[PDB]
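Below is one structure, written out as structure tokens; the observations come after it.
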Amino acid sequence: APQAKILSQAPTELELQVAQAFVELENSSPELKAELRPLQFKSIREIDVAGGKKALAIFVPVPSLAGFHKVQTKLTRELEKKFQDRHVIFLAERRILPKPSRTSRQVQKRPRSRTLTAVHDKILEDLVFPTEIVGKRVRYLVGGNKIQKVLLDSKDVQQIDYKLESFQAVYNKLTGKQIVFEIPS
RNA sequence: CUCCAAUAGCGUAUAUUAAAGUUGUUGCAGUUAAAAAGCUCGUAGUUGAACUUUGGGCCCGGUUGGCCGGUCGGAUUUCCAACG
């Protein structure tokens, strides 16, 4: 069955639910047979948004995040209607290699793409996927906590304008860092 | 003659230390008092932008998230995450 060939080996029941959501468009197929055939994903984590909704995180192997970005906007519409009370987002399963200490040595020098401070930057670029980020500010409060601030492009913002409350919860669950989104005009 | 200072000790000479921020690492000065090479290149020497992840528990402050409005769009904070 083509449902089971997307997930890793066995798991899980939730991975099948999104798997059926793909083949209802692969078998409908206005144009999607030429682009949704090779697209496959790795896992779903369910993140509880602070409101009544929840968030779906789709993890992509990333030789194919560019492939997913072709149908990203259209596919999210056909995932939100057949999965109510949810917000669907697409992320890439990136690898983070630990910083070498003066004792914990390795072989094979660690590329800058594997550093943790670069992977978290690529999460923000991939959470919001349209509306390219036009800036970042970090507030160091008097108390001692740090609050980021992501400035988004004003054009095409109406595709994610409701999902700013969801994105702050997702990035907190993966990084533990506070985010506020601000849209300059 | 009287008085002062130290006193079984007191003066003199030379050296040296403090004084001396008058050798300056701490810590000098260089327009006119002494002192910015006529100017530029240049080796040694001295100096050189930014960037690469947060596991023990308990008490304290916030800042977000709600269970909570008390109230005529703002007014108190507590029990709970983790967020450093």
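Structure notes:
- Flag if A:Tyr162 is over 25 Å from A:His69 (Cβ atoms), more than 8 Å from RNA strand B (Cβ to nearest atom) and among the aromatic types (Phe, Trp, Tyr): no
- Filter pass, A:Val134 being touching a residue at least 40 places away in the same chain (Cβ under 8 Å), over 21 Å from A:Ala57 (Cα atoms) and not basic (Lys, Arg): yes
- Total residues in region A:82-127, condition under 20 Å from the mean Cα position of the chain (by Cα) and within 26 Å of A:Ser64 (Cβ to Cβ): 29
- Among the residues listed as A:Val180, A:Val128, A:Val107, the single one being hydrophobic (A, V, I, L, M, F, W, C) and within 11 Å of RNA strand B (Cβ to nearest atom): A:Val180
- Subset of region A:52-94 [touching a helix residue (DSSP H, G or I) at 6+ places or on another chain (Cβ under 6 Å) and part of a loop (DSSP other than H, G, I, E, B)]: A:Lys82, A:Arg94
- Tally of residues being hydrophobic (A, V, I, L, M, F, W, C) and in contact with a helix residue (DSSP H, G or I) (Cβ under 6 Å, 6 or more places away or on another chain) across region A:1-20: 2
- Of the residues examined, A:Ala55 is one that is within 20 Å of the chain's Cα centre (by Cα), among the small types (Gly, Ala, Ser) and within 16 Å of RNA strand B (Cβ to nearest atom).
Values quoted throughout were computed directly from the atomic coordinates according to the rules given, and no laboratory measurement underlies them. Here Cβ is always computed from backbone atoms with ideal geometry, including for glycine, and neighbour counts include all displayed protein chains.
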